[PDB]
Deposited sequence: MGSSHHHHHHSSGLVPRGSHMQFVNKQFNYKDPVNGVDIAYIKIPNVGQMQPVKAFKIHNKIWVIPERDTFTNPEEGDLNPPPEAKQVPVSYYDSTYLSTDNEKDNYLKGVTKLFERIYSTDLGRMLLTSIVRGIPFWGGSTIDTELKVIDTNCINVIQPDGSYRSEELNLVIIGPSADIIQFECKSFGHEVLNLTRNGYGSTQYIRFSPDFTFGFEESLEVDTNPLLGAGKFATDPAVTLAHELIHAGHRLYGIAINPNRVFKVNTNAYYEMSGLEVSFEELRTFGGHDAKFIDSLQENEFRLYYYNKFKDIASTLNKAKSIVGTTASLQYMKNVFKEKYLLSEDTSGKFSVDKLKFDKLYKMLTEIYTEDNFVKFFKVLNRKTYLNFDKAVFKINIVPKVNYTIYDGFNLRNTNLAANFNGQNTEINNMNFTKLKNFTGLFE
């Protein structure tokens, strides 16, 4: 019926088949508070939680869901009911399993899980310490709570329902997404809507068709930004063509990313190489830790950053391992490469989308599968990306008014 386990006995990334109504347990279902009344959240994997709520939490200005760019869509009512929250959670779950079904997705999600935000929180130069906004408070059934570090939170969108994004809490002094440290990433995302694009496929009287973006591709896109931002190698959003940012071109990948000139790219690579050397020096100068042995935590970050260690125990950045990690996160993890792996239809450049928004339901296996998306094998929808064609597969896409 839902199709969460097409091969084997159990899901391979997501740890449980949650229902929204499952009681809180303080372990993988808990009321949590972000650095607000608590919100029910689900731990889908080590370091990754899902909050099936509209994001009225992360940005203080954006506390309401009413209307005050090309395409936007508002419904204050979306994701207000337990049934919707259940369907959100199962849809996100399904999309994670779809991403993890690919070699590329397994590489990306591993990198994300391993990309623990750096403990650069001390004003004492020789002391390691967590940064408080890289945690959440996990309330237990008896009301006690513990702070838990995490890497990624998937949350529902704020007022603009199709405004998907990867954001995070800043430091008053540190630029965490651009200094190698990284920070917990919050992805505003809905599996219940998608957007359109036009494509002309190839009998002769077929003009341009109207297709829908596969929401596994959209989520992977945001997961790719999360990877850059967790290893603190995001491109400054003030770097743009004008509009499309360098960071978006990089993340879309394919030919779009080739418009970032190689001289520019060499410059960023060197910049972040030096930021990683700074992290190795800081770890080396560390003498104490607050809030696990110092030796243990240093090693956590040697593991994250692929640091080399001599017989003294001194760390250094290896140039070949740095290049590997940097190339993985920035060149190999791209929307274009996920498109190739999924074998789905996608727009051919970042800006080439329609001002068309659709309600979808990906949870029923009769609508969308982990292996095929909307393009269900052994049906009319396997041919010519007909499952993503909003005319042919009209039952799966309800066009919304912009």
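Peer 1: Do you know which deposited regions have no coordinates at all?
Peer 2: In sequence order, the gaps with no modelled C-alpha are 1 to 10, 46 to 49, 83 to 87, 222 to 224, 265 to 276, 326 to 327, 439 to 444.
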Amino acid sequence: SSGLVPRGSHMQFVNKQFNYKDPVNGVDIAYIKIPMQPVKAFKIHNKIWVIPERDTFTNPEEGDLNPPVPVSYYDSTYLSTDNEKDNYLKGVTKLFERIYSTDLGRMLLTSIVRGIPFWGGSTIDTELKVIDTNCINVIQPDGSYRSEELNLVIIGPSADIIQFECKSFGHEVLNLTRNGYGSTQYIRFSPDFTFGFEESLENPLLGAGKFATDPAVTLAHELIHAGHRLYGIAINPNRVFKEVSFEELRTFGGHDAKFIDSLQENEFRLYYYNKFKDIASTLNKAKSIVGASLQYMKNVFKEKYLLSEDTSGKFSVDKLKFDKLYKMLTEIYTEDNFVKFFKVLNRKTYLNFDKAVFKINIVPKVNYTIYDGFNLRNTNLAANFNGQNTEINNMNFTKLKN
From here on, numbers count along this sequence of modelled residues.
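Peer 1: Other compared entries: residue 37 unbuilt in at least a third?
Peer 2: Yes: coordinates for residue 37 absent from at least a third of the compared entries.
Peer 1: Please check residue 73 against the other PDB entries of this protein that were compared: is it missing in at least a third of those that model both its neighbours?
Peer 2: Per the records, residue 73 is modelled in all the other entries.
Peer 1: Which wins on mean Cα temperature factor, 56 to 64 or 25 to 33?
Peer 2: Comparing 56 to 64 with 25 to 33, the higher mean C-alpha B-factor belongs to 56 to 64.
Peer 1: Comparing against every modelled residue in the chain, figure out the third that the C-alpha B-factor of residue 146 lands in (lowest, middle or highest).
Peer 2: Highest third.
Peer 1: Can you tell me whether residue 9 has a C-alpha B-factor in the lowest, middle or highest third compared with the other modelled residues of the same chain?
Peer 2: Answer is lowest: the recorded C-alpha B-factor places it there.
Peer 1: Divide the modelled residues of the chain into thirds by Cα B-factor and specify which third, lowest, middle or highest, holds residue 51.
Peer 2: Answer is lowest: the recorded C-alpha B-factor places it there.
Peer 1: Based on the entry's values, in what third of the chain does the Cα temperature factor of residue 389 lie: lowest, middle or highest?
Peer 2: Its C-alpha B-factor, which the entry lists for residue 389, ranks in the lowest third among residues of this chain.
Peer 1: Relative to the other modelled residues of the same chain, rank the CA B-factor of residue 356 and answer lowest, middle or highest third.
Peer 2: As the PDB entry reports it, the C-alpha B-factor of residue 356 lands in the highest third of its chain.
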